[PDB]
Amino acid sequence: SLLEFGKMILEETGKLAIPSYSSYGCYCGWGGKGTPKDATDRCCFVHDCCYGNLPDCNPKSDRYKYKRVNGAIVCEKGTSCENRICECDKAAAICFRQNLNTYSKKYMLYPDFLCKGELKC
Ligand SMILES: O=C(O)Cc1c[nH]c2ccccc12
């Protein structure tokens, strides 16, 4: 679920999902179009594609379980949708962590009209 993803993001990065990743660039927090602005935005692009891979799942609301084995996120077994959603979220959270070094506040609340053109998953 969105709230669990948000908790995972905070755990990984020390930033609050809202507002740090809820309106960032072209793909974080609402997705759509455009060339992703930076590596963090590319995490969101891929995450959006990942959810797009699951047309008959409900990633915003369906809850999954995960644990930590040392630092590492381990998605625990639920329904197939839950497992797949968890893997999407885990990847995005890791990606955000890997790209924290280039995160830029100037991309928070990024205006939609600067995001143009379809980029295929
Ligand atoms: O529902 C959405 O697509 C947007 C959304 C609402 N609150 C959020 C918190 C963190 C990340 C995305 C969202």
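These values consider heavy atoms only, across backbone and side chains, with no hydrogens, waters or symmetry-generated copies. Position 1 is the first residue of the sequence, and the numbers go up from there. Just so you know, ligand 1 is whichever comes first in the structure, and atom 1 is the first atom listed for that ligand.
The SG atoms of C26 and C115 sit under 2.5 Å apart.
Of all protein heavy atoms, the one lying nearest to atom 3 (O) of ligand 1 is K60 NZ, 2.8 Å. In terms of protein heavy-atom proximity, atom 4 (C) of ligand 1 is closest to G29 O, 3.3 Å. The protein atom (non-hydrogen) at minimum distance from atom 10 (C) of ligand 1 is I18 CG1, 3.7 Å. Of the protein's non-hydrogen atoms, the one nearest atom 8 (C) of ligand 1 is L2 CD2, 3.4 Å.
With hydrogens and angles disregarded, a donor-acceptor distance shorter than 3.5 Å links the side chain of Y27 to the backbone of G34. For the pair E87 (side chain) and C75 (backbone), a donor-acceptor distance under 3.5 Å is absent.
Ring geometry for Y24 against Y103 counts as tilted: the plane angle lies between 30° and 60°, on a 0 to 90° scale.
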